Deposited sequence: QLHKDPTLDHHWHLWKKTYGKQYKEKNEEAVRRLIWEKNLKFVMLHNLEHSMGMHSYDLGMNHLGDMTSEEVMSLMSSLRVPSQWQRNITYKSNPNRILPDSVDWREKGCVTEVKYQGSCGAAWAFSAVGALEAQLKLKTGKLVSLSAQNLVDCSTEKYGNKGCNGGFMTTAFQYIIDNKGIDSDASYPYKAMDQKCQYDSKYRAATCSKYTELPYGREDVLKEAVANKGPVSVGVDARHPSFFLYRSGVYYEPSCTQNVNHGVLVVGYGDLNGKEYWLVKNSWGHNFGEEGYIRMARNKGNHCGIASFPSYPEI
């Protein structure tokens, strides 16, 4: 509709803070309107939060101006298979955080490429590498995007799945380090170079659907687990801090993330989820999602973890 001139200065401040630059004609105006709608959503939700109506609050992060198109791509990262098509095989502490054991690399920024599946996969493998060599090394998601393609049912920036990615690493007998094969957020020619192989994968394990109890076990005894969640919600996109719980969440997952732990805040149990939307998303790039709440957002619907 029409912008609110009283917000002009703040809109300017917001753009500068996140380095927003709109070079296409009329893009500016469209972005401004999306931003205002999200601001009102954020404002109302935090108001409710101030009245103790939610265990989490929202913020105008860099996604505050995301378009319908960009949301689409974002929600197209996961090409999840059918449940019955998963080779399901496979006392615990009340809390776990693999970051404390130095098994989680710094958060990545997928940008405008739907490669969440790849980041989820390497993330899970990065932990196993550290537990095998003692050295934490970021693995190449780009390598998965460019190489683990059609043969594995993956479509680079147009989506894919973690298990087929692990299968590629196994078949390929290795994956490059992110440093030698950096992420470009684009579908490019496969450039795998065995000379810079930083890790290998021998197998992966898929966990039984909707079993948050089993997911808890794997996270505590095996390590970070690759999972898909339903993130098709403004609440998720603008999540700032706290325990995320969205009554409108479903089990139809669309975004690949990594469970690196679990715990509870003031009684509210949660999954410590590493995202791939940079450090300015949520809690330093992480989101704590509701645990033991009927498989909230389908977090336990497609769990899997690799092994060196």
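Chemist: Unmodelled stretches of the deposited sequence, numbered from 1?
Modeler: Several regions go unmodelled: 1, 92 to 97.
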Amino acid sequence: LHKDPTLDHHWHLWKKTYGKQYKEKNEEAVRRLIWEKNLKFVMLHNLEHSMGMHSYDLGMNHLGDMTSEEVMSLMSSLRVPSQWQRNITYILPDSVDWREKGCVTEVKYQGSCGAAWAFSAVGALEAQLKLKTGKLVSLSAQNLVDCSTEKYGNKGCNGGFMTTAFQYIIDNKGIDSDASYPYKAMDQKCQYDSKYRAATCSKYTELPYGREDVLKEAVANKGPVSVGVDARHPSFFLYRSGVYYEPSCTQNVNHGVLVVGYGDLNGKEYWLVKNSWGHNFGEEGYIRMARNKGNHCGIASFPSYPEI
From here on, numbers count along this sequence of modelled residues.
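Chemist: Comparing average C-alpha B factors as deposited, tell me which of 193 to 201 and 158 to 166 sits higher.
Modeler: Higher of the two, by average CA B-factor, is 193 to 201.
Chemist: Taking only the CA atoms, which stretch has the higher mean B-factor in the record, 108 to 116 or 72 to 80?
Modeler: The entry gives the higher C-alpha B-factor average to 72 to 80.
Chemist: Taking the values straight from the PDB record, which of 266, 61, 38, 241 has the highest C-alpha temperature factor?
Modeler: Reading the PDB entry, the winner on C-alpha B-factor is 266.
Chemist: When the CA B-factors of 146, 100, 126, 178 are compared as recorded in the entry, which is the largest?
Modeler: Highest C-alpha B-factor among the listed residues goes to 100.
Chemist: Which third, lowest, middle or highest, does the CA B-factor of residue 257 fall in along this chain?
Modeler: It falls in the bottom third of the chain.
Chemist: Using the B-factors in the PDB entry, rank residue 280's C-alpha atom against the chain and give the third, lowest, middle or highest.
Modeler: Its C-alpha B-factor, which the entry lists for residue 280, ranks in the middle third among residues of this chain.
Chemist: Would you please rank residue 286 by its C-alpha temperature factor against the other modelled residues of its chain and give the third it falls in: lowest, middle or highest?
Modeler: It belongs to the lowest third of the chain when residues are ordered by C-alpha B-factor.
Chemist: Classify residue 45 as lowest, middle or highest third according to the C-alpha B-factor given in the PDB entry, relative to its own chain.
Modeler: Its C-alpha B-factor belongs to the lowest third of this chain's values.
Chemist: Could you tell me which third, lowest, middle or highest, the C-alpha B-factor of residue 223 occupies within its chain?
Modeler: As the PDB entry reports it, the C-alpha B-factor of residue 223 lands in the middle third of its chain.
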